[PDB]
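Worksheet for the structure shown next.
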Amino acid sequence: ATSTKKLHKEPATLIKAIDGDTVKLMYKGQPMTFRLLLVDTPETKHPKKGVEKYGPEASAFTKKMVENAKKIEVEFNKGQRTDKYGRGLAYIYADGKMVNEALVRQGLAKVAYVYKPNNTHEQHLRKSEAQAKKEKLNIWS
Ligand SMILES: Cc1cn([C@H]2C[C@H](OP(=O)(O)O)[C@@H](COP(=O)(O)O)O2)c(=O)[nH]c1=O
Ligand SMILES: [Ca+2]
């Protein structure tokens, strides 16, 4: 934790975006896929369901946002660095834009998994979801 000052923000290079909630970044030389902490996007794959309303689109935001971005950083919480899959969870940042929250403020996502204490950003995306719901964004539509 040295001086850092809480959570640290590490650069990274965008490789390939899967959907709203998941992408492959080159965090410290080495390809790796990442999961968005406290956040869920309408399922997109797994037949165990099908295209969740706002699914395809829900992924038509994270992609570019990352592509249109010239640089991006990753913020590790305080809990586990990755989930039982090899996919690390963080609020991936894009030009100071909280994708996880960005997507939340947009009605393209829901607040899922708040983990203790790997959720040092709860409230934040919470107020947003309330705003995207107080008006009726996509889902909450
Ligand atoms: C976001 C998140 C997902 N996970 C795991 C739980 C879920 O398991 P299960 O798939 O078996 O239901 C899965 C949901 O991630 P997806 O939104 O990619 O499905 O990832 C965590 O353990 N901690 C997390 O913060
Ligand atoms: Ca999802």
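No lab work stands behind these numbers, since they all come straight from the coordinates. Neighbour counts run over all protein chains shown; Cβ positions are idealised from the backbone, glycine included.
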Practice item. Scan region 53-92 residue by residue and report those that are touching a residue at least 60 places away in the same chain (Cβ under 8 Å), closer than 18 Å to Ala1 by Cβ and in a loop (DSSP other than H, G, I, E, B). Key: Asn77, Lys78
Revision key, fill the gap. Residue count, region 67-87, condition within 15 Å of ligand 2 (Cβ to nearest atom) and surrounded by 13 or more Cβ atoms within 10 Å (Cβ to Cβ), comes to 2
Review point. Looking at (1) touching a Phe, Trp or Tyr at 6+ places or on another chain (Cβ under 6 Å); (2) part of a helix (DSSP H, G or I); (3) within 16 Å of ligand 2 (Cβ to nearest atom), which is the only condition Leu125 fails?
Key: (1)
Review point. Looking at region 101-122, which of its residues are away from ligand 2 (no atom under 16 Å from the Cβ) and either hydroxyl-bearing (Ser, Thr, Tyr) or assigned to a helix (DSSP H, G or I) (or both)?
Key: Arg105, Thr120, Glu122
Practice item. Considering only region 3-30, state which residues are under 24 Å from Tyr115 (Cα atoms), of a type in the set (S, T, N, Q) and in a loop (DSSP other than H, G, I, E, B). Key: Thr4
Check your understanding: Looking at region 105-120, which of its residues are away from ligand 1 (no atom under 11 Å from the Cβ) and on the phi > 0 side of the Ramachandran plot?
Key -> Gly107
Check your understanding: Taking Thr33 and the conditions (1) touching a residue at least 24 places away in the same chain (Cβ under 8 Å); (2) not in a strand (DSSP E or B), which numbered condition does it fall short on, given that it satisfies the others?
Key -> (2)
**Study point:** Residues that are surrounded by fewer than 20 Cβ atoms within 10 Å (Cβ to Cβ), in a strand (DSSP E or B) and in contact with a helix residue (DSSP H, G or I) (Cβ under 9 Å, 6 or more places away or on another chain), drawn from region 36-51
**Key:** none
Point to revise | Conditions (1) more than 16 Å from ligand 2 (Cβ to nearest atom); (2) surrounded by fewer than 20 Cβ atoms within 10 Å (Cβ to Cβ); (3) part of a helix (DSSP H, G or I); (4) not acidic (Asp, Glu); number of the one not met by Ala132 | key: (2)
Check your understanding: If you check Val39, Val23, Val74, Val51, which single one turns out to be over 16 Å from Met98 (Cβ atoms) and either within 15 Å of ligand 1 (Cβ to nearest atom) or of a type in the set (D, E, K, R) (or both)?
Key -> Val51
Exercise for review: Only residues that are touching a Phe, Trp or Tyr at 6+ places or on another chain (Cβ under 8 Å) and crowded, with 19+ Cβ neighbours inside 10 Å: list them for region 1-21, please.
Suggested key: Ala12, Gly20
Review point. Take the residues of region 93-104 that are at negative phi and of a type outside the set (D, E, K, R): which is nearest to ligand 1 (Cβ to nearest atom)?
Key: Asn100
